[PDB]
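Okay, so here's the structure we're looking at.
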Amino acid sequence: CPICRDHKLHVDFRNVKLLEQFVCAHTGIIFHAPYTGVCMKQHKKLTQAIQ
Amino acid sequence: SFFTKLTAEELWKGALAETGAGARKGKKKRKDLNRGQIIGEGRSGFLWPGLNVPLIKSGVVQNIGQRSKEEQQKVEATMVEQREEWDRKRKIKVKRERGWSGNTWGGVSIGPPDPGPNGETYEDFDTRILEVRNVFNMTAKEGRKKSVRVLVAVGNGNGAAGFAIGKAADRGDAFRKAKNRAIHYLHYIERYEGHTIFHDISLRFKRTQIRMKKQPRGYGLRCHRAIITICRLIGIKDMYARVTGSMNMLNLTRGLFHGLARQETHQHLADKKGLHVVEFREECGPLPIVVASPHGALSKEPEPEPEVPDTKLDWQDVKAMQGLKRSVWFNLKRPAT
Amino acid sequence: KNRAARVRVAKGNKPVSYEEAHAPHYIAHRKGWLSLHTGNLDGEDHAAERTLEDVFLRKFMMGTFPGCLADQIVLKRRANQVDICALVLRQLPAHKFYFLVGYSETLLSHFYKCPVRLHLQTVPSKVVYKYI
RNA sequence: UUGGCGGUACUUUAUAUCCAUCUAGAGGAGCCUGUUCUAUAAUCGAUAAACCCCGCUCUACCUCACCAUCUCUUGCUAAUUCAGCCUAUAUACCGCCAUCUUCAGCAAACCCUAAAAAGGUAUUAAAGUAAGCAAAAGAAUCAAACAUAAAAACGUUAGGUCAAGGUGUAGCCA
Ligand SMILES: [K+]
Ligand SMILES: [Mg+2]
Ligand SMILES: [Mg+2]
Ligand SMILES: [Mg+2]
Ligand SMILES: [Mg+2]
Ligand SMILES: [Mg+2]
Ligand SMILES: [Mg+2]
Ligand SMILES: [Mg+2]
């Protein structure tokens, strides 16, 4: 998936620029995993970092 | 005998057996054996000054020589490696993207159209395939002749798009004919704020019904796979569409461009009626937003507002708002379009 | 149908040279002879020997200049002298041609016991008479 | 919407041709020669038109590829666990051809169509266009013509030829 294929990409709450890519700019809703194609493990990890 | 030896072209011509009675009316692969051969190099390993080795080395005029058995075996093995590597190179290829499926041509980019008569490059345009038919007719050439009909669409993603059909006996030719024909039939599609249509569009082209809806930002393209391809070429980012009746690809392409190119912009509506066009977004509250004002004289007669409109409503649109359960297939989670 | 020495029609994408385009019945009408000796004139001898020497000289030049020959070679015999005139592509470096000329001349003079000279005209690429 | 063949037997058409007209033949006898058959220990291929004085502008030996019998085993070459192989498949092919045939078609690239499965002509002209291949022209038969030669694309017959030669695949190496 997009996160796993690139090891240097890190899902951390401080890495806001990465987290913003997974949030809708217009509605501010976090995209569901099928939308971006991330695996469920990383999607759950991303949701926690965004929150 | 040395006099019964033939050239490579005639040896491969016979072995391949491409021209033959079986081939035409119903696998061997050609190879080039002079690819890696360097003029002046033989099995014996002789070194020929001026042919396969430097004529002068460190200021010394070289003389004939021969490589040792160990040195020659290395050179033979090295060439064997290079030949094996070349075979690997032939197997390797750069994967291009599939379309709506893995074995289908629909949705596959084939690049920009060819340059024009006076060096008019079209690098900003992208071409997409929509249908590829392999149809056979009955002509004396093969008894049953072969034909390839290709429907393509082109667009710059900035409002200009067009479609054309190209027919030929070879698929590659049908691509060129369609691709360069479509650049001569560019519609311009009006986009509201550059991301969606100006208003709902409902139309019937022959037996194919299309029903498009204007949507807010972030909605994405929730449309027939062929409409998503065209919408990306046009530049529409957020829209909903439903297609019913016949799924003919040509009627859908003709019907889509017919409806998208006949829509009324807000600036046009203000001029036709003479009134201001105001916008009310729920995320901006009651704030009235003026999006278009009449170019000439603003009228003072309010537009008649009927108590009960006589609009013709679609049961499909209304059914949802009436509380009727939708299908299991509606509004499923899908990848970003 | 006659299949002899005819480069058959393709679909307009095959580049044939002037020599290749013309069928045998145009010999002595539109295109000349690649070899010129006196052995086929009336009351002359050694036709068999001149014809065999030509066959070899054509196979030798192909192998000695592999992939560097733009067209068939032209053989000219005057007295005991043999002259080989070949159009050669500019693929190889210049000095390599000087080696192959010195080698092929010396080798063919000691094989047929006649003075042999090589005349090479270099072309940028094969000349196309027509696309057939 | 096309393609086909059906009984296209209908109207014009062939031009040494379908019948008619004309001349000399074949069909009978004797031989010469090819083929089939019979047959031999004893080639092969061609074998309706488009095989049958055919590959052969050529078999007493040689030629020879066949049969019987005896003999050789690194056995043409600079080298090679290699040389050699007329061993099977022309239904894997190259090559060179027969055939319709001196038949007239084969037509790439563009352009147009209220969509095109296709079509694209009107001359007092209405969407077709500008280039090739064949034909024509040109050249040959030593003035000129005519005639004769040569030329004749794409397909048709998996037509003929692995035995002109080369070659794919499989088979034989005391
Ligand atoms: K053949
Ligand atoms: Mg697949
Ligand atoms: Mg046979
Ligand atoms: Mg004999
Ligand atoms: Mg004998
Ligand atoms: Mg034998
Ligand atoms: Mg004349
Ligand atoms: Mg002519």
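Naming works like this for the structure tokens: A, B, ... for the chains as they're shown, residue 1 at the start of each chain, ligands 1 onward in shown order.
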Contacts of ligand 2, 8 Å or closer, only C-alpha atoms (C1' of nucleotides) and all ligand atoms, given as a VMD selection string = chain B and resid 101 to 103
For chain B, which residues have at least one atom within 10 Å of chain A, if we go by only C-alpha atoms? Write them as JSON, numbers by chain, please.
-> {"B": [216, 217, 218, 219, 332, 333, 334, 335, 336, 337]}
Could you give me the residues within 9 Å of ligand 3, counting only C-alpha atoms (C1' of nucleotides) and all ligand atoms, as a list in words?
-> residues 45, 46, 90, 160 and 161 of chain D
Counting only C-alpha atoms (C1' of nucleotides) and all ligand atoms, which protein, DNA or RNA residues come within 12 Å of ligand 4, given as a ChimeraX atom specification?
-> /D:42-43,59-67
Take the residues from that selection and write them out as a PDB file, in the first residue's frame, keeping N, CA, C and O atoms (P, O5', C5', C4', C3', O3' and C1' of nucleotides).
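Written out: part.pdb:
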```pdb
ATOM      1  P     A D  42      12.213 -56.943 -56.363  1.00  0.00           P
ATOM      2  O5'   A D  42      12.872 -55.624 -56.962  1.00  0.00           O
ATOM      3  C5'   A D  42      13.417 -54.633 -56.105  1.00  0.00           C
ATOM      4  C4'   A D  42      14.543 -53.890 -56.775  1.00  0.00           C
ATOM      5  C3'   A D  42      14.205 -53.248 -58.111  1.00  0.00           C
ATOM      6  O3'   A D  42      13.566 -51.991 -57.973  1.00  0.00           O
ATOM      7  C1'   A D  42      16.224 -54.458 -58.308  1.00  0.00           C
ATOM      8  P     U D  43      12.642 -51.415 -59.153  1.00  0.00           P
ATOM      9  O5'   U D  43      13.513 -50.237 -59.778  1.00  0.00           O
ATOM     10  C5'   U D  43      13.148 -48.880 -59.589  1.00  0.00           C
ATOM     11  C4'   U D  43      13.822 -48.284 -58.380  1.00  0.00           C
ATOM     12  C3'   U D  43      13.092 -47.124 -57.724  1.00  0.00           C
ATOM     13  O3'   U D  43      12.045 -47.536 -56.865  1.00  0.00           O
ATOM     14  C1'   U D  43      15.359 -46.549 -58.016  1.00  0.00           C
ATOM     15  P     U D  59      22.410 -39.711 -69.858  1.00  0.00           P
ATOM     16  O5'   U D  59      21.470 -40.990 -69.994  1.00  0.00           O
ATOM     17  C5'   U D  59      21.961 -42.212 -70.529  1.00  0.00           C
ATOM     18  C4'   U D  59      21.986 -43.302 -69.489  1.00  0.00           C
ATOM     19  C3'   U D  59      22.227 -44.711 -70.003  1.00  0.00           C
ATOM     20  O3'   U D  59      23.599 -44.983 -70.239  1.00  0.00           O
ATOM     21  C1'   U D  59      20.428 -44.721 -68.461  1.00  0.00           C
ATOM     22  P     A D  60      24.110 -45.468 -71.685  1.00  0.00           P
ATOM     23  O5'   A D  60      24.508 -46.993 -71.463  1.00  0.00           O
ATOM     24  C5'   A D  60      23.517 -47.992 -71.270  1.00  0.00           C
ATOM     25  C4'   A D  60      24.117 -49.373 -71.342  1.00  0.00           C
ATOM     26  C3'   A D  60      25.258 -49.650 -70.375  1.00  0.00           C
ATOM     27  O3'   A D  60      24.801 -50.036 -69.092  1.00  0.00           O
ATOM     28  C1'   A D  60      25.870 -50.356 -72.552  1.00  0.00           C
ATOM     29  P     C D  61      24.905 -49.025 -67.851  1.00  0.00           P
ATOM     30  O5'   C D  61      26.410 -49.176 -67.355  1.00  0.00           O
ATOM     31  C5'   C D  61      26.937 -50.439 -66.976  1.00  0.00           C
ATOM     32  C4'   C D  61      28.413 -50.347 -66.685  1.00  0.00           C
ATOM     33  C3'   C D  61      28.833 -49.210 -65.765  1.00  0.00           C
ATOM     34  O3'   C D  61      28.668 -49.516 -64.391  1.00  0.00           O
ATOM     35  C1'   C D  61      30.225 -49.229 -67.673  1.00  0.00           C
ATOM     36  P     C D  62      27.771 -48.573 -63.449  1.00  0.00           P
ATOM     37  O5'   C D  62      28.485 -47.153 -63.529  1.00  0.00           O
ATOM     38  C5'   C D  62      29.785 -46.955 -62.997  1.00  0.00           C
ATOM     39  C4'   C D  62      30.412 -45.693 -63.532  1.00  0.00           C
ATOM     40  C3'   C D  62      29.702 -44.395 -63.180  1.00  0.00           C
ATOM     41  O3'   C D  62      30.033 -43.914 -61.889  1.00  0.00           O
ATOM     42  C1'   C D  62      30.213 -44.420 -65.492  1.00  0.00           C
ATOM     43  P     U D  63      28.879 -43.543 -60.832  1.00  0.00           P
ATOM     44  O5'   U D  63      27.846 -42.664 -61.665  1.00  0.00           O
ATOM     45  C5'   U D  63      28.150 -41.323 -62.020  1.00  0.00           C
ATOM     46  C4'   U D  63      27.177 -40.783 -63.038  1.00  0.00           C
ATOM     47  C3'   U D  63      25.718 -40.751 -62.614  1.00  0.00           C
ATOM     48  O3'   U D  63      25.404 -39.617 -61.826  1.00  0.00           O
ATOM     49  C1'   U D  63      25.889 -41.695 -64.772  1.00  0.00           C
ATOM     50  P     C D  64      24.104 -39.615 -60.885  1.00  0.00           P
ATOM     51  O5'   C D  64      24.248 -40.945 -60.025  1.00  0.00           O
ATOM     52  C5'   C D  64      23.479 -41.134 -58.844  1.00  0.00           C
ATOM     53  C4'   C D  64      23.401 -42.587 -58.449  1.00  0.00           C
ATOM     54  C3'   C D  64      24.706 -43.368 -58.579  1.00  0.00           C
ATOM     55  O3'   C D  64      24.765 -44.368 -57.562  1.00  0.00           O
ATOM     56  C1'   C D  64      23.071 -44.340 -59.969  1.00  0.00           C
ATOM     57  P     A D  65      25.204 -43.981 -56.066  1.00  0.00           P
ATOM     58  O5'   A D  65      23.865 -43.445 -55.394  1.00  0.00           O
ATOM     59  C5'   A D  65      22.771 -44.316 -55.153  1.00  0.00           C
ATOM     60  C4'   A D  65      21.494 -43.549 -54.918  1.00  0.00           C
ATOM     61  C3'   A D  65      20.217 -44.375 -54.870  1.00  0.00           C
ATOM     62  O3'   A D  65      19.984 -44.930 -53.587  1.00  0.00           O
ATOM     63  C1'   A D  65      19.903 -42.438 -56.227  1.00  0.00           C
ATOM     64  P     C D  66      20.351 -46.460 -53.265  1.00  0.00           P
ATOM     65  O5'   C D  66      19.439 -47.296 -54.263  1.00  0.00           O
ATOM     66  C5'   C D  66      18.027 -47.297 -54.133  1.00  0.00           C
ATOM     67  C4'   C D  66      17.409 -48.353 -55.010  1.00  0.00           C
ATOM     68  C3'   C D  66      17.881 -49.776 -54.754  1.00  0.00           C
ATOM     69  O3'   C D  66      17.183 -50.396 -53.686  1.00  0.00           O
ATOM     70  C1'   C D  66      17.992 -49.314 -57.068  1.00  0.00           C
ATOM     71  P     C D  67      17.981 -51.137 -52.505  1.00  0.00           P
ATOM     72  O5'   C D  67      18.206 -52.607 -53.066  1.00  0.00           O
ATOM     73  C5'   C D  67      17.098 -53.427 -53.409  1.00  0.00           C
ATOM     74  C4'   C D  67      17.516 -54.582 -54.281  1.00  0.00           C
ATOM     75  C3'   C D  67      18.655 -55.437 -53.749  1.00  0.00           C
ATOM     76  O3'   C D  67      18.232 -56.387 -52.786  1.00  0.00           O
ATOM     77  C1'   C D  67      19.068 -54.906 -56.011  1.00  0.00           C
TER      78        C D  67
END
```
Near chain B, which residues of chain D fall within 8 Å when you count only C-alpha atoms (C1' of nucleotides), and what do they look like as a ChimeraX atom specification?
-> /D:2-3,91-94,154-155,158,165-168
Contacts of residue 32 in chain C at 10 Å or less, counting only C-alpha atoms (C1' of nucleotides), minus same-chain residues fewer than 5 places along, as a list in words?
-> residues 19, 26 and 27 of chain C
Residues of chain C within 9 Å of chain D, using only C-alpha atoms (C1' of nucleotides), as a short mmCIF file (atom, residue, chain, number, x, y, z; two decimals) with C-alpha atoms, in the first residue's frame?
```cif
data_model
loop_
_atom_site.label_atom_id
_atom_site.label_comp_id
_atom_site.auth_asym_id
_atom_site.auth_seq_id
_atom_site.Cartn_x
_atom_site.Cartn_y
_atom_site.Cartn_z
CA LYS C 1 3.99 -16.43 -62.10
CA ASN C 2 7.71 -15.71 -62.38
CA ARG C 3 9.59 -15.59 -59.08
CA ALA C 4 13.12 -15.10 -60.43
CA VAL C 9 5.39 -5.91 -53.72
CA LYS C 11 2.45 -2.60 -48.78
CA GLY C 12 4.58 0.42 -49.71
CA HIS C 25 14.01 -8.65 -68.43
CA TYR C 26 15.39 -5.12 -67.87
CA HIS C 29 17.73 -2.20 -71.15
CA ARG C 30 17.56 -0.18 -67.91
CA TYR C 131 9.40 2.28 -51.84
CA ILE C 132 7.48 -0.82 -52.88
#
```
